[PDB]
Structure formats: C-alpha cells, structure tokens
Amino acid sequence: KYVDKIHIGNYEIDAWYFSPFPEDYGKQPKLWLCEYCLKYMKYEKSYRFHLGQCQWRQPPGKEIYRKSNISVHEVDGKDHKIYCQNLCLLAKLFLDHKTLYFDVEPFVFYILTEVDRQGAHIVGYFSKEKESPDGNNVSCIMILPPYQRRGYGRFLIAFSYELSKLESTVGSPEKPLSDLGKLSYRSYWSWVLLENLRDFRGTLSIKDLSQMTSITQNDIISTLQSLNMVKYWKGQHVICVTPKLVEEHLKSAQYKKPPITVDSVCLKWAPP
C-alpha cells in the first residue's frame, strides 16, 4: 500500500518513511527509479525499456564542482521542476521531517555524484532556499542508505558551508535534524572549530570563528560547550581551552577516517 522498496541503479533499498508518490505507484512491490533522471516507474519492464532509451547520464543543471570522480550539480527548482520533484519524493523515503515535494521553485538542489565510465551516480543531495528568512544554508540533506557513514554526508555539510563563506554569510541547517544528521553536524562543527583553535593560535573570539567558518555563533557555542571549551563570564560565553586539549580531541577515533574533502580550487560558484 505505501511504497516500501525502490530499485535505483544497481541498488534495492528499503523505505524508511512514507513518501506521497501517487497511490497507484505505492500498490506495486517495488518502485523503479532511473538513476539519472529520477523518473519513477511501476514495473521492471517499463524500467528496462526506459534504461535503453533515456539519454541522461548525469543530473541536469550546472556542474559547479568536480575533483577526480566526485561532482556536484547545482539544479534550480524553477528550471528543472520535474527532476527536482522526483528527487524530493525519493528523499522523503529517507527523511521523516521533509514536508515539501512539489513546490520546488523556491529551492536550489545540490546533487552529489560519484562518476565512472557509465555516468554520474547519485549519492545524495541538499536543498537550499534561494532566500532564507531564517538564514538556513541547508533545508534538507539526505545521503542514500548505501552511502551513509562513508564520508559523503561530511562532504555535503562542508560544501554547504563553502557556499555560505562565498556568500559572506553565516548559516545553519533547518531543524529538525535526523539522528544521524545531528551527530554528523556536531562532529563536523567540532572538527572545524578544533582545527581553527590549533591553526590561528592565538586568541580567536567566537565572532571571529563565525566569520572564518560561516558556522553561526549559536552553533559554535553549543559545540564548544559539548567539548567543555567555553567559560561563562558576566553573561558572555568565552573560549577557554589549552593547545594540548585541542590536540587530545583532534587525535580521537571520531576524526580518524580519511575524509573526502571539499577542494575550494574546484568549486565554481558565485552568489546566485
């Protein structure tokens, strides 16, 4: 009755949540998605026919990042409506709190792919309001289950701050965050802040850290609290940490997997 399993690329993936594909699509045992155009289909036969015919081998929009075989495409919801609606219905299978699937025009979508000889394979994405009244620099972020916990979520979170830095603005993801989203942002913020506290030497204040990283002061402060690296004095949070304790944290298991890093030399972007 609801869609409970999809086939995309060479993956079969079980759903985590309800997504409002049309009812007739839910009745089938699996929904079959083209991994390049994200068209959803009811039958293995319509899928195989589509695979032989569809000419797309990467997302639409502009390739604003490419380094080796990792790419990001910026897709404006106005310009590529059906692709963006297909993407938001795919995403809602894995996101409990996303509420927007059809009214995609106010958004831009950043699609992460891993490229081989056959084409550019979707890993995940984040959407971003073109104008955010609350200064959200991500609306929803989703990594398909077979790619989770493999460094791609860290990449996309960093990429969203690389956009904010080019916009000279701070930003924070829209709440609520998933359980894995919370842990991922906390760990990302902790790494970034701890690296800056090692590097600039050298009394940076919180407002300094916010300008260097585009992380809001509130998210810097909550992170520093979790790390016990702030004192409070006459109504003000103040950084309080030794170079040794910064190094103890940076040496922890949390930060030991080799990251896929955003190389800003490979990012081609200016404010929309």
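When you see a residue number, it is the position in the sequence shown, counting from 1.
Enquirer: Report the stretch with the higher mean CA temperature factor, choosing between 151 to 159 and 126 to 134 on the basis of the entry.
Expert: So the stretch with the higher mean C-alpha B-factor is 126 to 134.
Enquirer: Using the B-factors recorded in the PDB entry, average over the C-alpha atoms of 250 to 258 and of 17 to 25, then report which stretch comes out higher.
Expert: It is 250 to 258.
Enquirer: Tell me which of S205, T216, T223, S46 tops the list for C-alpha B factor in the record.
Expert: Within the set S205, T216, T223, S46, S205 shows the top C-alpha B-factor.
Enquirer: Per the PDB entry, which option out of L183, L197, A91, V72 has the greatest Cα B factor?
Expert: Highest C-alpha B-factor among the listed residues goes to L197.
Enquirer: Comparing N86 with the other modelled residues of its chain, is its CA B-factor in the lowest, middle or highest third?
Expert: Answer is lowest: the recorded C-alpha B-factor places it there.
Enquirer: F102: which third of its chain by C-alpha temperature factor?
Expert: Highest third - that is where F102 ends up once the chain's C-alpha B-factors are sorted.
Enquirer: Once the chain's modelled residues are ordered by C-alpha B factor and cut into thirds, is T169 in the lowest, middle or highest one?
Expert: As the PDB entry reports it, the C-alpha B-factor of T169 lands in the highest third of its chain.
Enquirer: Can you tell me which third, lowest, middle or highest, the CA B-factor of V230 falls into for its chain?
Expert: Middle third.
Enquirer: Which third, lowest, middle or highest, does the CA B-factor of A270 fall in along this chain?
Expert: Highest third, going by the recorded CA B-factors of the chain.
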